[PDB]
Structures are given as C-alpha cells and as structure tokens.
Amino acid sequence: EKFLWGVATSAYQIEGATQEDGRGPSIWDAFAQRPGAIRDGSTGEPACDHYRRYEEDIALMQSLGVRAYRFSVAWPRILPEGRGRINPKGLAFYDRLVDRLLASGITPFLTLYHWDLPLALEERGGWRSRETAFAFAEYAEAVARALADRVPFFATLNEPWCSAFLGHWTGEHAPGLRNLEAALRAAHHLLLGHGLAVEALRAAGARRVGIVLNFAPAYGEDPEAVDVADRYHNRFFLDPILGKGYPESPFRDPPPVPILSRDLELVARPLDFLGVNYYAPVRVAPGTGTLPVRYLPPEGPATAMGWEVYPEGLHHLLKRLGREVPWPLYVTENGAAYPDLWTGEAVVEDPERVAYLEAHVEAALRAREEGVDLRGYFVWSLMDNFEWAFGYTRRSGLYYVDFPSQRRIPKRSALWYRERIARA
C-alpha cells in the first residue's frame, strides 16, 4: 500500500465565504466578534478565500507531489441551523472539491467536525446538550450519503480535547465558557457523537472511519505530575475510544459526567484508524488546584508558539501508541509556526520550519521502520491561514499567503517537502 504523504487544513481556517451560499454562522463566527478573543481582532473572513480559490489550491498540492489532502467539512454550510434543513449548495461545494482531488491524483481525507459548531445548536446548549450528539450523527450521515463513494477516509472529530477544555473550561476557544462541568458534559457528548457518527457513517457506506486526537506527551522529574498531565491531555478521549472507560480523573473534586447507560459501549465502536496530531511535548511539575500540575518553560529551541521543538517526542509517542492502539496510525497534523517575512522574492526563507519538518519526518519514519503500523504523515498546513485565537499572526503554511492579494508564495519548506516525497 501507498504510504500517504499529505497536507492538512480545516474549513473555518481557510474558506472565507462565511455568509455566502446559505452558510449558517458557527460558534467561531460569534466568538470572533467578542472583543479580545482574537489577538489581532481578526475573524474567519476572509481566511484564504479557499471557497473560491480551491482549484488553484489543489494545483499547489499537485505541484508538491502530495498524495492526500486532509480537510474538514463545514457543518454550518451543510445544515445552517445544525439540524433538519439541508443546504444543497453546501454539499455541492464539497462534492466538487472531492471530484477535483480525484482528478488530480489526491486521496481525500475528511474531517467532519473541526470546531465550527453551528451557532443555532450552541444556543440550545451546544456540546453541553445530549441532543447535539444526535444532531452530529445526522450531519455525518448526510455527508457520507453524498461523499462516501469517493472519500475513503472519514474522521468524526478533530481534537475534542480542545473543543471540551479550551472551549468550555479555559474559555480560550469558542464558544468561550469557563466551567469545568460544562467541559466534562462537552467531553462526554463529543465522545457520544463520535460513537453515534460511526454507526451512521458505516450504515451510509464510509469505508474507513476514525478519529483525530491531540497528543502532548508530558515530561518531568516527578512521575505523579507527569501521570496527571498524561491522563488529562493524552488519555481522556483515547481511553474511552479504546473501550477502557475514562482514565482515573486528573481533577480534584470533579463534577459528574452525564454518562448514561450504554454510552460507553457506543463510544468504543471499532474504528479503522487513529489520527495522531502532534506538535510538542509539555514539561510539568507538581502544582496545586483543580488540576494539580504546573506547566514549565520550553527546554531549548521553541517555535513562535513557544512550543518546544522535540522530534524524539514524536518517535516515542508513536512507539507507545503502536503498542496500545489496535488500528493503523496516521500523523494527521505536524508543523510549526515561525515568523515568516516576505518582501517580494519568489520564495520565503523558512530554514527553521525546514529543520522542524525534516527532523519530525525522520522520527515518524523511524517509528514505522521499527514496526509501528504508520500509514501516512500530513503537514499542518498547506498554507498560512486563520490560526484561531492567534488570528493571522502565526504562520504555519508550506506556502506563505499574502492575505491582502491572496497570492500564495512557496516557502523553502514547500520545496523541501516536494523533494522529500520524491525521494520516497
């Protein structure tokens, strides 16, 4: 089988067209309207204008020799109120995107939920409400019904840890809640929606179904604080998915999780793959409160995000997961933000991104050459885009995007990756 060399994006981060063609607003449209939620005061509009420029963007993928494209479908384009009414212009756009990928030799790799919950559902309680899980499954169904003839890979959710905890506890992500019980309700309904979606997907013909999780491996001098960090970030969604139930709580005095009877059996549905998102480890020490850990400074070289560059961390992570996960792994995101500047040249010099990607590729391939069933590697991202709370200030792309003209300019890392893929 062909190992999948890919690149990854998400709908709200690149599309624009936020109020075109019947698109309903999402929780990110509203969150971005709040003063100080986005550091540069920016919004999803108009991201990279990908909704009009997707031909051009696929041609960029072709010119790197990439063989797979990981993207998300915007739920609010498909069902503008989240449930019930279906907007055919929505499915028409993704239908045409899929045809073009196939005509260009590219394997579609589809994410159903990448954070853009329809605002209509959030105003009925969003992921805190059990009904949102059933709305998710109905959405998943309508997508596979239209797309599964040509899209081999569907992932239900992208990083539900961010959606639960950054979305409902630290309030850093949309909606923007700060309540641990709202977060645990959200974690449980994201998982319940995952399981219900799996059944809808298969019933509608999806061939490979999985999920994409974020791993931030924890290191430090005290094993106990390491284990608390690992339970909170690395096992809280994986263990349920694996059918081991939730891990022992990392929280002091947690509130109840609205686990209903049979929910855990629904959540632990057989999958065809696990998507691994990795960027950095975290160094921890013993800390005090609700979550009794303290997060320490990066040891040595760090990206613009202040995230430690530690390629060995990906290798170790893949070995550990290789023993524990009974499905093949895909690294569905890996990449780095550095402050790229462009002043007219035909290429944007990003030697730190080149260094970052080369070392991480060598790590992942090493895990595979030691017998991890690793079947693909995707760079976040194809191009510079809207980076959530960071707006346009953190550039992660293989292509530089000059946002005023939408011109795409290749960086050194694009040329590095093209040659990388070729040397297969």
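Residue positions are given as counts along the sequence shown, with the first one as 1.
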67-75 versus 202-210 - which carries the larger mean C-alpha B factor in the record: 202-210
Between the two ranges 106-114 and 307-315, the one averaging a larger CA B factor in the entry: 307-315
Given 155, 97, 284, 135, the residue at which the Cα B factor reaches its maximum: 284
Candidate set 127, 342, 161, 93 [ranked by C-alpha B-factor, highest]: 342
Ranked against its chain, the third holding the CA B-factor of residue 48: middle
Relative C-alpha B-factor of residue 34, binned into the chain's lowest, middle or highest third: highest
Third assignment of residue 424 from its chain's C-alpha B-factors: highest
Chain-wide C-alpha B factor ranking for residue 395, given as lowest, middle or highest third: highest
Position of residue 41 among the chain's modelled residues by C-alpha B-factor, lowest, middle or highest third: highest
